[PDB]
Every structure is written in C-alpha cells, then in structure tokens.
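Enquirer: Attaching a single structure in structure tokens format; questions to follow.
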Amino acid sequence: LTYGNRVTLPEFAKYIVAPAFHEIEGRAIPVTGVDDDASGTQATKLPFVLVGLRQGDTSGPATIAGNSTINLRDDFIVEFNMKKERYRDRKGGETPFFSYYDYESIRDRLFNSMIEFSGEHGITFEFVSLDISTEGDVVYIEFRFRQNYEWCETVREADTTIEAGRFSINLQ
Amino acid sequence: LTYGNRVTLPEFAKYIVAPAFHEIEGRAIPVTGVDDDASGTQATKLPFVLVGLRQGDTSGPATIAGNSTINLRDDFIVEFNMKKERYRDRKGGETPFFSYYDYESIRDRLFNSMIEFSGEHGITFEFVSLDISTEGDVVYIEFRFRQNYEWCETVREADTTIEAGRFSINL
Amino acid sequence: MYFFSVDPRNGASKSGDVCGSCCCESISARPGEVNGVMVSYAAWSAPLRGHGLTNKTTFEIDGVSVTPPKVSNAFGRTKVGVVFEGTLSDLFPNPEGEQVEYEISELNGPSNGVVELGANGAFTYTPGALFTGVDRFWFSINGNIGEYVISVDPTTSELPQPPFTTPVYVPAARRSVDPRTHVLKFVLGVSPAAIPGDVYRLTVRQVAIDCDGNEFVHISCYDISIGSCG
Amino acid sequence: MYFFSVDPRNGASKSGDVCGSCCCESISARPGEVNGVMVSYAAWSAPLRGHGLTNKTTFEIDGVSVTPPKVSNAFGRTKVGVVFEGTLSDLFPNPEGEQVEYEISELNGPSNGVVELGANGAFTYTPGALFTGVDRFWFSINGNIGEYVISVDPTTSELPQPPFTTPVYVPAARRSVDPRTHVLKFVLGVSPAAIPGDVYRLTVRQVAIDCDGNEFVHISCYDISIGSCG
Amino acid sequence: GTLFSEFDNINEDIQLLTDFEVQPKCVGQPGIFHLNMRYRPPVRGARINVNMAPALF
Amino acid sequence: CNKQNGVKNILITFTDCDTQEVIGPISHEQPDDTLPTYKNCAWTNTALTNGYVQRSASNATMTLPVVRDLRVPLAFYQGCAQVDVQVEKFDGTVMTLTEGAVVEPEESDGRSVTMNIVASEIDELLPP
Amino acid sequence: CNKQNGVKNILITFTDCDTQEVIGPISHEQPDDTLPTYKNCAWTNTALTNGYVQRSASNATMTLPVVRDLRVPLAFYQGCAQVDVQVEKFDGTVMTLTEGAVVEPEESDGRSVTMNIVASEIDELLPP
C-alpha cells in the first residue's frame with residue numbers, strides 16, 4: 001500500500017471493511033461525500049457500506065515551509081446500509097419496523113478488524129461519533145472516524161552539487 | 001515581484017498553480033470571490049482552477065500608528081474544477097458518478113509547488129481545510145489557505161530637514 | 001568530461017590584482033585515455049553583449065616536466081599486400097647491462113593488420129588486405145613504452161611521413177563553440193607513452209566578437225598532470 | 001568586462017578612507033588580452049539636465065613603471081607574392097654570455113602568411129598570395145618578447161611605416177557613448193610585449209553637454225596593473 | 001588574537017566567492033569555492049623611545 | 001518589509017565525547033511553530049545601587065526544539081554528545097555555534113526534544 | 001565605559017624559586033562573579049583606649065580567584081613559585097603587585113584556585 005504512515009479510503013474499504021462482514025459480498029464503496037447523491041447510492045442491493053471523506057483538516061501546525069512537520073487530519077464517515085428484518089410468530093403477530101436493531105455486533109466486528117489491521121501495519125484511527133437512523137426498512141449506521149498523519153514531502157530529489165574542492169588566499 | 005514579503009493572488013495563480021498541473025493550460029483564473037458568479041465561472045472548459053480572496057483579517061496587533069508592526073492575515077481559497085471520468089468495462093459495466101475521486105495526487109503536487117516556491121523566495125502559507133463536492137460530471141476540490149504578513153509603510157519619503165547649525169542664548 | 005568556468009576578467013576575480021592567484025587550472029590525465037574538455041566563457045562574454053564567440057581558438061603545448069624517454073620511436077615503409085618485417089632491439093640504447101623483455105600490448109596494438117612478435121626483438125606485420133594508409137603499434141621494451149609507425153603505399157610511388165604523435169596533444173579539428181550558450185568544446189588525447197609524473201601546460205587563446213565584428217581576446221592556462229591509475 | 005562608476009562630484013562629499021588617498025581606479029590586465037571597459041557617468045551627468053554625453057572624449061596613457069625591454073622590435077619590407085627572409089640575431093643585445101633560444105609563439109604568429117624559423121636566428125616569412133597590407137609576429141628571444149612588423153607592397157612603389165604598437169593601448173575608434181543611459185564603452189588592449197609587474201596610468205577626459213550646447217568637462221584616472229600568470 | 005589581529009570589518013575581509021550557479025546539472029564536477037581573506041599580523045613591540053627630564057627640588 | 005519570522009534550516013553535528021567520532025552535519029525539522037531563543041552577550045549584568053552595575057562573566061546560551069532523527073541515538077540529544085548547531089531564518093540571519101554542550105537535560109518522549117545548548121560564543125551574520 | 005564594577009584583565013607571571021625560570025605574563029579569566037579583593041595600607045591598626053591606636057607594621061594582602069591555565073602546573077598556584085600579578089578593572093583602575101608569595105594555600109579541584117597573595121606594597125593608578 002502507498003503512504004507508509006497512512007491509508008487512502010479505497011484501501012480502507014478493501015482492507016478493513018471487505019475482509020470484515022461477509023454478507024456484503026465485497027460491496028464497500030468509496031464516494032466523494034456520503035450525502036452528495038442519495039438517489040444513486042440508494043440503488044445498490046442491500047446491504048452495502050459507503051466510505052467518504054467528510055472534511056480534510058489540520059491537527060495543530062500546518063504551515064508549509066519544507067521543514068515544519070506538516071500535520072494533517074482527515075475526517076471521514078463510514079455508513080452501513082443494512083436491511084431490517086421483522087420477526088413473525090405464526091400466531092398472527094409481527095414486530096414493527098421501528099424496533100431496536102442490534103448494532104453492537106457491527107461496531108464490535110468493525111473495531112476488531114481495525115485493531116487487527118493496526119497491529120499488522122501500525123496505523124490507528126480515532127473514533128468520534130456513532131449515529132443510527134432508520135427509513136422504511138433500512139437502518140443507517142454512520143461511524144465517524146478521524147485519522148491523524150504527517151505529510152511526507154515527496155520531491156525528495158537530488159541536490160545541486162556535491163561540494164569537494166578547496167583553495168585559499170591571503171591577500172594584502 | 002511587488003510586495004517582497006507577500007504574494008498577491010495573480011502571482012499565486014501564475015507562479016504556484018500554473019507550473020503545477022499541465023492539464024489546465026494555465027487556466028488558473030484569479031477571481032474576486034469564489035462564489036461571485038456561478039453562471040459565469042462555469043463556462044471555462046474543464047479542467048480549470050479559480051483563486052479568490054475569502055476575507056482579510058488581522059493576527060493580533062493591528063493599530064495604525066506608523067510604528068506598531070501592523071500584522072495582517074489574508075484568507076483565500078483555491079477551488080479545483082476537475083472533470084470526472086467514468087471507467088468503462090465492456091460487458092455492460094460502468095462506474096457511477098458518485099465513485100471516489102483521488103484528490104490526494106492534487107494535494108500532493110500543489111503542496112510540492114508551494115514548497116518549492118517557499119524555498120525559492122521565503123514565503124510560507126498555512127493550510128486550513130480541504131473540502132470536495134461533486135455536481136453532475138464535475139468535482140469541486142476546495143482548499144482554504146491563510147497567509148500571514150506585515151504591511152509596510154510605503155510613504156517612506158524624504159526627511160523634514162537636515163539639522164546642522166542650531167542657536168544658543170545662555171543668558 | 002572536464003568542465004571549467006572561465007575567469008570573468010571583471011574585477012572581483014583575485015581581488016582585482018591584490019590577490020593575483022590565478023594559478024592555472026588542474027587537469028588529471030591517464031596515458032592512453034582520450035577525454036573531452038568544455039569551457040564556459042559565458043561569465044566573460046555575457047556582459048559583452050554581441051555575437052558571442054568565433055571559431056578562432058588557438059592552443060599550445062609546452063612541457064614543464066618531461067622526463068625524456070629511454071626507448072626511441074621508429075618509422076617503416078612497405079607496399080600494399082606485401083608483408084613487413086622489422087627488428088625491435090636497436091630502439092633501446094641501454095646504458096647498463098640488462099635483459100630486454102619485448103612486449104606488444106594487446107590494448108594498443110595495430111588497427112589494420114596483425115603483428116607476430118619474434119623471439120629475439122623481431123616482428124612480422126601483415127597489413128590488412130585491400131587497405132592503404134598508415135598504421136601504428138605501441139611496444140613495451142623492458143617496461144619503457146614506445147611507438148612504431150608503418151606506412152603502407154598504394155603500390156604506385158610512396159606515402160609521406162606522419163609527425164610521430166606527441167605524448168599529449170589536441171586533435172587537429174575536433175573543437176567547436178556554441179555561440180548560443182558560450183561554451184567551447186575540445187578533445188584532449190594522451191599517448192600511451194606518456195610517463196607518469198610528467199607535467200605539461202596548455203594555454204588557450206579564445207576570441208569573442210562584438211556587435212560590429214571587432215575582436216576581444218582572452219587567454220587562460222591549465223596544467224595537465226600525467227598520472228597513473230586515474 | 002570592467003564596470004566602473006564615476007565620482008559624481010555632486011558635493012565632493014566622499015568621505016575619503018582616511019588613509020588610502022588613491023583616487024584612480026585599479027584595472028588588472030594580462031599580456032595579450034583585449035578586454036572591454038564600461039564607465040557610467042550617470043552619477044555626474046544626470047543632475048546636469050541636458051542632452052547627456054557626447055562622443056568627443058579624450059584619453060592618454062602615461063606610464064609609471066617601465067622596466068625597459070631587452071629585445072628590440074624590428075621592421076621589414078617586401079613586395080606582394082615574393083617570399084621574404086629575415087634575421088633574428090641582432091635584435092637582442094646581450095650584456096652577458098649565454099645562448100639564444102629563438103622562439104616564435106604559436107599564439108601570436110603571423111596573420112596573413114607563414115613563418116619558418118631557421119636553426120639560428122634566421123626565418124623565412126612567406127606571405128599569403130593575393131594580399132597586400134601589413135603583418136606582425138611576436139618572437140620570444142630568451143624569454144624576452146619583441147615584435148617584428150612586415151609590410152607587403154602591391155608591387156608598384158612602396159608602403160608606409162606603422163607606428164610599432166605600444167605596450168598598453170586603446171584602439172583608435174572602438175569607443176562609444178550612450179546618451180540615453182550615460183555610459184561610455186571602450187577597449188583595453190595589452191600587447192604581448194608587456195612585462196609583468198609594471199604599472200601604467202590611463203587618464204580619461206569626458207565632456208557632457210547642457211541644454212544649449214555648452215560643455216562640462218570631467219577627468220578621471222585609472223591604474224592599469226599589468227599582471228600575468230606567466 | 002594568536003594567528004592574526006582583530007579584523008576591522010569581518011564582513012568585508014572574509015568572502016566565500018563561489019561559482020556553483022555556473023555549474024549546470026548536465027555535469028557533476030563540484031568544488032570551486034575559493035576563499036580570500038585579508039591579513040594583518042598581530043601587532044608587536046618596537047621602539048619605545050623615552051625622554052627623561054632630570055631636575056631637582 | 002521584514003519578511004516573515006520563522007526558521008528555514010537547522011544543522012546539527014554530533015561528536016561523541018568518548019570515542020571522538022563525528023556524525024553530521026544533519027538537518028532537522030521544527031516540531032511546532034515556536035522558534036529557538038538566543039543570548040549572545042557573554043557578560044551578564046546585575047543591578048547595583050544608584051545606577052551602577054556589576055559586569056561579571058557568563059555563558060552564551062541557546063534553547064532549541066527539534067524532532068529527533070531516527071538514526072541518531074536519543075542519548076546524543078540528552079547531553080551525552082558535544083553538538084555544533086546552526087540556524088538560518090527567512091530574513092537571512094544565521095546563527096552558528098561551535099563546541100556546544102547540552103546542559104540541564106529535560107525528560108523527553110522520543111520524538112521531540114528541547115536542547116539547552118551552552119557555548120562560549122554565538123556568531124551572527126546579520127542579513128546582507 | 002564608566003559605572004561598570006568588574007574585572008577586565010588579569011595578568012600573572014610565575015617565577016620558580018628553584019630553577020629561576022620565568023613563565024608569563026599569562027592572562028587569566030574569572031571563574032565566577034566574585035571580584036579580586038585588595039588591601040593597600042601596609043600598617044594595621046588596633047583600638048586602644050580613649051581614641052588612641054597602636055600603628056604597627058603589616059603586609060599588603062590580595063585575594064584572587066582564577067581559573068587554572070592548563071599549561072601552568074597547579075603547584076605554581078599553591079605557593080611553590082613567586083608570582084607577579086596585575087589586574088585591571090572596567091573603570092580604568094589597574095593594580096600591580098610584584099614578587100608576591102602565595103600564603104596559606106587552600107584545597108583545589110584542578111580548575112579554579114583562590115590565591116591569597118601577600119606582598120610588600122601594591123600600587124594603584126587612579127584612572128584620570
């Protein structure tokens with residue numbers, strides 16, 4: 001993977017979410033913004049997970065001076081689109097669509113995958129907030145992570161000359 | 001360049017943005033406000049980059065007294081307009097317009113151009129935030145930079161007199 | 001490839017003259033090599049806003065430490081197609097009494113023929129068929145290096161005599177100048193017989209030109225130090 | 001290219017360096033070089049609101065050190081196309097007894113002919129065919145540098161005699177003045193007969209012009225220090 | 001103090017006149033960083049000419 | 001005028017005071033926005049009475065925060081290695097220091113140290 | 001300048017009373033903020049009764065702390081060689097003492113000695 005001290009969202013989706021929950025058949029989509037288009041990102045068959053950058057930001061010092069430890073922070077959000085499934089008891093009863101949905105399993109498995117990836121590569125994320133909201137028969141579970149890193153100047157080129165030489169003089 | 005300790009927009013757009021990406025044919029347009037007009041600033045062909053001042057502010061001491069180190073802070077933003085291009089996969093496959101766009105290369109090489117310029121002249125900028133947002137077939141990549149400097153008194157004129165000979169009455 | 005930046009003959013150079021220095025530049029050379037040298041007259045010809053340099057450069061070679069050779073050189077003549085014979089003993093006047101280990105280096109051998117060295121200072125040179133020109137080959141008599149020149153004739157009358165190339169030389173016509181960037185290029189050839197430790201001096205006289213066709217002369221100096229193993 | 005600024009004599013307020021009276025500006029020069037000098041009278045002529053400078057300048061070169069030459073210079077005459085012969089032995093009156101290494105430097109050879117130096121102070125100058133003018137060449141007798149000038153005539157009567165160019169000289173008409181920027185340009189030529197260590201003095205007289213056509217004279221001085229890297 | 005005397009103006013005597021700019025990237029040869037420094041040997045003792053003036057009370 | 005305050009280059013040379021082996025000069029990077037501090041005069045003063053003052057001898061100090069270079073041991077920053085430092089600001093100033101000695105080591109975390117260098121004299125080169 | 005209480009130069013010249021060799025005059029540097037202390041009057045006084053005083057003979061004393069110069073042996077400071085000391089303050093005063101003798105040496109660590117010099121008479125110069 002690129003960026004030895006960091007991850008890009010495609011890598012996040014295909015390495016931390018895809019090897020995780022298998023009932024999504026590898027449908028981990030990276031988008032521009034998780035709310036940029038709701039008419040198109042509501043078509044993929046359930047269940048599917050979106051990953052998109054919320055806002056790129058700093059973590060303290062960010063002046064661009066060739067040597068100042070440019071610190072960075074990207075805020076992205078991971079949303080599960082999962083299908084709620086009512087239970088039927090034969091006796092003629094049902095569970096409403098507004099019943100409680102066990103997300104705790106989802107957070108558990110997501111965090112275990114993240115911990116394993118960190119322990120493999122030494123890259124860790126910050127958990128910020130968790131929001132759950134339903135619509136029709138689909139529940140939206142939106143994790144908002146945050147990741148700090150330092151931007152490594154790339155130019156890293158060759159360097160003018162190579163010195164050597166000497167010569168002196170003691171004038172008048 | 002004017003303003004030895006600063007770089008006015010036009011100079012930013014033509015010396016930092018232009019020698020960067022060659023896919024914008026130097027279409028780094030300096031505008032007054034980034035949202036001053038959305039019906040006119042959407043005619044230039046894709047891709048292209050705008051540069052415009054958001055708001056000018058201070059950085060602490062700002063009194064205007066001839067000698068107080070008037071400090072100033074100009075908050076401007078750089079908006080990329082890049083044409084999204086879907087990937088076609090013969091078999092009736094395509095990638096929707098909401099697929100992820102790699103802004104990382106953009107940020108990287110823009111920062112590189114800024115670093116080279118800073119090394120060439122000793123002028124540094126502050127990064128504040130990065131926002132992306134799409135619309136139809138266009139992705140807007142919006143950087144917000146902030147630049148500190150000190151404003152110099154320009155008057156710098158000739159002196160009132162030149163002293164010498166005085167006078168004296170020690171009665 | 002050597003690259004030199006010329007004195008701008010402005011002023012700061014050598015604090016005017018107070019300093020002086022101007023000790024001639026250094027050029028390390030190895031016997032047998034053929035290197036290239038470039039000199040940038042820009043720092044001198046850029047203020048003289050005009051038509052740059054001209055193709056009127058001049059060189060000179062003089063030895064400040066030569067160590068005259070022990071073995072002498074030799075010249076021979078033959079016709080086309082006919083084999084040539086020669087000896088290799090009368091070229092080494094030895095003051096002391098010692099043995100003569102004749103040798104022909106495979107690196108600096110002939111170019112259009114084949115040489116079979118005899119057992120006692122003899123050699124047979126078969127020239128290349130269907131060829132007429134000059135040929136050279138470098139022998140190593142008891143370590144001391146010398147050259148043997150052969151002139152093959154086009155069977156009619158005779159060929160003239162080559163000038164027995166010097167230890168250090170600059171090719172006749174391999175110099176050039178780019179008036180757009182004020183750079184003079186030339187070649188520096190070192191014979192395989194140049195003795196290590198010797199020092200030669202090369203002086204370069206380059207003439208620029210103004211906007212109306214007048215001249216501006218400049219002279220510079222370098223020391224070629226013939227060293228061994230680099 | 002030397003670049004000098006003039007003392008503007010505005011108030012003559014130029015804090016002397018206390019000790020360091022010299023007011024002439026220093027100019028280093030090497031035997032054989034032909035350099036260019038630019039002097040900016042802008043500091044003195046710009047307050048004088050008028051038509052700037054004019055090309056009616058004047059120069060003079062009075063020596064300071066001389067170190068009189070050892071070998072004398074020589075002059076010869078010949079017709080067009082006909083080969084010329086000459087000697088080089090009566091041109092070096094030696095006080096002491098030593099040998100005479102006659103030598104003709106390749107850098108300062110002839111310009112329209114060829115010179116074959118004999119074995120002992122003799123030489124044969126073959127001028128280039130279809131040519132009629134003057135030619136020069138600089139010999140080096142025992143290190144001492146002297147010049148020989150030859151005049152080839154177009155077979156009719158005779159050619160006049162050139163003035164035996166001096167150690168330090170300023171070309172007749174190669175100077176110019178830019179009234180738009182108050183800049184005077186001239187050439188400084190040092191003949192190969194210059195002796196290292198000597199000092200000459202060049203005094204320049206430049207005249208500016210007012211709005212009505214009068215004159216404003218300005219005089220400056222420079223010390224030409226002939227330095228040499230040999 | 002030991003090797004030489006106090007520089008009158010150290011930012012004039014010392015000068016590290018380089019040429020690197022000329023050197024183009026199309027060649028590697030570095031090393032022309034000539035340095036020219038002035039010299040004024042440490043001042044010493046010399047004639048201390050004295051003038052005694054005998055007198056009485 | 002007075003171009004932006006801030007540091008541009010920081011050079012450090014380590015010499016172990018036991019084996020006399022030298023490392024550097026290596027560059028470094030500021031860990032934050034703060035800048036190094038200085039004191040050049042080797043003579044501190046003390047407030048006497050009635051305007052007078054006692055001029056005693058003292059040491060030129062320098063406080064400098066840097067990010068630890070992951071090829072130099074941390075001991076070389078904590079005061080187990082003689083250091084020679086050089087700083088260059090944007091406005092053209094440069095501050096050089098030779099035979100420095102890290103005094104009063106402060107506990108660090110392994111990625112950002114604050115060295116209190118003490119030297120005999122610090123030299124300037126006030127910009128052109 | 002005026003109003004600066006402090007030492008500027010300390011010259012010491014050692015002469016061995018065994019081999020008659022001479023070393024100096026070598027300059028020295030103060031080890032701390034303490035200044036050399038002096039007493040010029042070569043006559044001590046003692047308080048008798050009713051305003052009188054017994055004026056007896058005594059010596060001229062001097063107390064001088066200096067950093068040992070790493071070329072002169074330590075013994076030359078501990079009272080094994082005759083010393084010739086000469087001090088100058090910032091306000092112009094310069095005090096000279098010749099053929100002194102270090103009396104009652106104190107323990108030292110090798111880098112900062114405190115000499116109690118005794119001599120016949122010290123001269124002052126009293127800046128103009």
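Here, A, B, ... name the chains of the structure tokens in the order displayed, residue numbers run from 1 inside each chain, and ligands are numbered from 1 in the same displayed order.
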Got a sec: who's within 10 Å of range 128-131 of chain B, counting only C-alpha atoms, leaving out chain neighbours fewer than 5 positions off, as a CSV table (one decimal) with C-alpha atoms, in the first residue's frame?
Expert:
chain,number,residue,atom,x,y,z
A,32,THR,CA,-16.8,11.7,-2.7
A,33,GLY,CA,-19.3,12.7,0.0
A,53,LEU,CA,-14.4,12.0,3.2
A,54,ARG,CA,-16.3,14.4,5.4
A,55,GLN,CA,-13.6,17.1,5.6
A,56,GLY,CA,-9.9,17.5,5.4
A,57,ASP,CA,-8.4,19.4,8.3
A,58,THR,CA,-5.3,20.0,10.5
A,59,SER,CA,-4.2,18.7,13.8
A,60,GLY,CA,-2.2,21.7,15.1
A,61,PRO,CA,0.7,23.1,13.0
A,62,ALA,CA,0.2,23.1,9.2
A,63,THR,CA,2.5,25.8,7.8
A,72,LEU,CA,-2.9,16.7,8.8
A,73,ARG,CA,-6.3,15.3,9.8
A,74,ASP,CA,-9.0,13.8,7.5
B,75,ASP,CA,-7.7,34.2,3.9
B,77,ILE,CA,-9.2,29.7,-1.2
B,78,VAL,CA,-8.3,27.6,-4.2
B,79,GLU,CA,-11.0,25.7,-6.0
B,103,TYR,CA,-7.8,14.3,-4.6
B,107,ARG,CA,-3.0,18.0,-2.8
B,140,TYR,CA,-15.0,20.7,-6.8
B,141,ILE,CA,-11.9,20.4,-4.7
B,142,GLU,CA,-11.7,23.3,-2.4
B,143,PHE,CA,-8.6,24.3,-0.4
B,144,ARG,CA,-8.6,27.2,2.0
B,145,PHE,CA,-5.2,28.7,2.7
B,146,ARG,CA,-4.3,31.6,5.0
Enquirer: If we count only C-alpha atoms, what is near residue 91 in chain G at a cut-off of 9 Å, once residues fewer than 4 positions away on the same chain are taken out, given as a list in words?
Expert: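 Neighbouring residues, sequence-local ones excluded: residues 1, 2, 3, 4, 5, 6, 7 and 127 of chain G.
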Enquirer: Using only C-alpha atoms, find each residue in range 58-163 of chain A having at least one atom no more than 12 Å away from range 24-27 of chain A; report its shortest atom-to-atom pair and that distance in Å (one decimal), rows by chain then rising number, as CSV.
Expert:
residue,atom,partner,partner_atom,distance
A:80,CA,A:24,CA,10.0
A:81,CA,A:24,CA,9.8
A:82,CA,A:24,CA,9.3
A:83,CA,A:24,CA,11.2
Enquirer: With a distance cut-off of 6 Å and only C-alpha atoms, select the neighbouring residues of residue 182 in chain C, excluding the residue or stretch itself and same-chain residues fewer than 6 positions from it, and output the selection as a list in words.
Expert: residues 40, 41 and 42 of chain C
Enquirer: Which one is closest to chain F: A:51, A:28, A:64, A:9? Count only C-alpha atoms.
Expert: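 Closest residue, counting only C-alpha atoms: A:64.
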Enquirer: Would you list the contacts of residue 20 in chain C as a PyMOL selection string, taking every protein, DNA or RNA residue within 10 Å and counting only C-alpha atoms, but skipping same-chain residues closer than 3 positions in sequence?
Expert: (chain A and resi 169+171) or (chain C and resi 13-17+23) or (chain D and resi 28+227-229)
Enquirer: Residues of the last selection are to be written out with C-alpha atoms, as a PDB file, in the first residue's frame.
Expert:
ATOM      1  CA  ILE A 169      44.309  33.024  -0.390  1.00  0.00           C
ATOM      2  CA  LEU A 171      45.649  38.869   0.183  1.00  0.00           C
TER       3      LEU A 171
ATOM      4  CA  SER C  13      38.402  37.950  -9.553  1.00  0.00           C
ATOM      5  CA  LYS C  14      41.569  37.810  -7.455  1.00  0.00           C
ATOM      6  CA  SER C  15      40.503  40.955  -5.591  1.00  0.00           C
ATOM      7  CA  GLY C  16      41.482  42.837  -8.689  1.00  0.00           C
ATOM      8  CA  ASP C  17      45.165  42.035  -8.606  1.00  0.00           C
ATOM      9  CA  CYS C  23      47.147  29.560 -10.601  1.00  0.00           C
TER      10      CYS C  23
ATOM     11  CA  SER D  28      44.192  44.304 -13.827  1.00  0.00           C
ATOM     12  CA  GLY D 227      49.621  41.149 -14.016  1.00  0.00           C
ATOM     13  CA  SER D 228      50.488  37.833 -15.579  1.00  0.00           C
ATOM     14  CA  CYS D 229      50.073  34.133 -14.856  1.00  0.00           C
TER      15      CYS D 229
END
